[PDB]
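Listed next as structure tokens is one chain, alone, in the form deposited without this ligand.
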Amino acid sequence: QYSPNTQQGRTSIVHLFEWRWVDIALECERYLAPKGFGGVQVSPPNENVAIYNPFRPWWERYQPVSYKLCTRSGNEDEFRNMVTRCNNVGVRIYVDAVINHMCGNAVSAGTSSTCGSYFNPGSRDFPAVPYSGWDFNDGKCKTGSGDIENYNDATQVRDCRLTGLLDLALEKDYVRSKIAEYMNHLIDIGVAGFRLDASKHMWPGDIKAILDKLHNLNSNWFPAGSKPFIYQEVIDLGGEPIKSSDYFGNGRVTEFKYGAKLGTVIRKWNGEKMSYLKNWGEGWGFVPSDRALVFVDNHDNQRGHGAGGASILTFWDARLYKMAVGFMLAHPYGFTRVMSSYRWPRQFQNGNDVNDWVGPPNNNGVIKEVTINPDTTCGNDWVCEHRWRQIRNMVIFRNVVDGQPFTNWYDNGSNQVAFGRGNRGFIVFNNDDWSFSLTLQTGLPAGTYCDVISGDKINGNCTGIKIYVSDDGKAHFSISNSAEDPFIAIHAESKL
């Protein structure tokens, strides 16, 4: 299962955070497929609680009310339509699966759900599933408040409520079956895998029990015997009793130390410098590459929530952000996920953003459509990082060099480094406060190459910097510390 199930030649998935199904469907056809993206992680597709205080925050989608495919992103018809269209184009769909819990216990009963389904948090009643008091861990948890109070007790992390979220009793076959019914429904529709939300709060064995009940991927699109791609969200920054290695038997795991460390290195915090990245990978204490799902930032930590803390880089830090995503996409470690966000009015008070709950662009709660500007950027406040030339081209760079070994490393002992991927690609970084100008061994065949960061190879010529590689594989690179993007990347497919 540890396989992404993407089409051979596509090495990344993009998280289109809070996008509408019809928009993702269009994007699959007009951009994702043509540009070589392997897949899309979609926000929870199941019915959630409609929260008006604050006004429709992004996190209301992590408070399930039922498993009906009915949310602000669209209905079941639109969802199935999106999966079909995307698949028929070679772009996979991965579902954000919230199976650990239902909504907050403090939520009011009624029908304030994205689909009118009736629910009653207080009496533990969710008739639309259905679920009742018998399906929650209320009696199982032993904390005085019923919530998770101590992360050093691996037992309450699993049996108690993560910040009040009603905890499902995943050891009961009935509950396991209603969750598998939900997931198989999605698999049969055509989804290629799942992000198991809050995997640290579930026992490795209960997860395994559910995965045993899952179908093989839709044979109309996937070869027989295909298993769904599973990546478990486990925030393991060391120090806790629960280790992400405990989950290797169920599938991959999100490596949160990846973005956190890369963040500090590129920001050059407390001594860190890029020259130290020569042995980036397991050498830094990360999980084995073949069990890693990596990223620079995610929906949680890009807004002071998840893990990484203050070192995390996001679109807000555009220049350093493109450099980290660039390094990630060039380096051989793990399977990469690209983030695509929307802008929100950050309002830092006392060093904290009081507007981090703000939901996606909307009009009276109705999510805005993604509009494409003439330069390919997006309107309506969608940042669309996946459409930034520097990022889009590095997505293609990863596809071109897939399989090539890590070689020809160079560093000045400070923050100017470079390395190639076999004889298929080469990348150079200048993160020092002074210019870089030197001739380096690239390992690429002779010729004139287009730098894919500053420009594009527009059949016959380049729109940006051009690099000339000699017969012995050497080439001169010059990067001012004043460049908009302090790094250059060239590959086999950008060769003139």
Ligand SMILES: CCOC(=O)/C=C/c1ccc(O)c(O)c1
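Superpose the two forms; the largest set of C-alphas matching within 1.5 Å is the rigid core. Start at 1 and count along the sequence shown; that's the residue number.
Heads up, the form deposited with this ligand bound isn't pictured, but that's what we're talking about next.
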Please pick, from 311, 216, 414, 81, the one residue with any non-hydrogen atom lying within 4.5 angstroms of this ligand in the entry with it bound.
81
Just to be sure I understand the contacts: of 400, 115, 372, 89, which is the one whose heavy atoms reach within 4.5 angstroms of this ligand in the entry with it bound?
372
Given this ligand in the entry with it bound, answer whether the residues 335, 471 and 476 all have a heavy atom inside 4.5 Å of it.
no
Wondering, does residue 245 line up within 4.5 Å of this ligand in the entry with it bound on heavy atoms?
yes
Please determine whether residue 20 contacts this ligand in the entry with it bound, using a 4.5 Å cut-off between heavy atoms.
yes
Looking in the entry with it bound, any heavy atom of residue 257 within 4.5 Å of this ligand?
yes
Can you tell me whether residue 287 touches this ligand? I mean in the entry with it bound, with a 4.5 angstroms heavy atom cut-off.
yes
Of the listed stretches (418-426, 287-295, 404-412, 182-190), which one has a non-hydrogen atom within 4.5 Å of this ligand in the entry with it bound?
287-295
For the stretch 84-104, I need every residue with any heavy atom inside 4.5 Å of this ligand in the entry with it bound, listed N to C.
85
Rigid core as reference, CA moved 2 Å or more between the shown form and the other one - which of 159, 385, 300, 236?
300
My question is whether residue 118 is one of the residues whose C-alpha shifts by 2 Å or more between the shown form and the other one, given a fit on the rigid core.
no
Would the C-alpha of residue 182 be classed as shifted by 2 Å or more between the shown form and the other one after rigid-core alignment?
no
Core-aligned C-alpha movement of residue 434 between the shown form and the other one reaching 2 Å:
no
Since the CA distance of residue 311 and residue 382 differs by 3 Å or more in the entry with it bound, is it closer or farther than in the form displayed?
closer
Shift in CA distance, residue 298 and residue 260, in the entry with it bound relative to the form shown here, given it is 3 Å or more:
closer
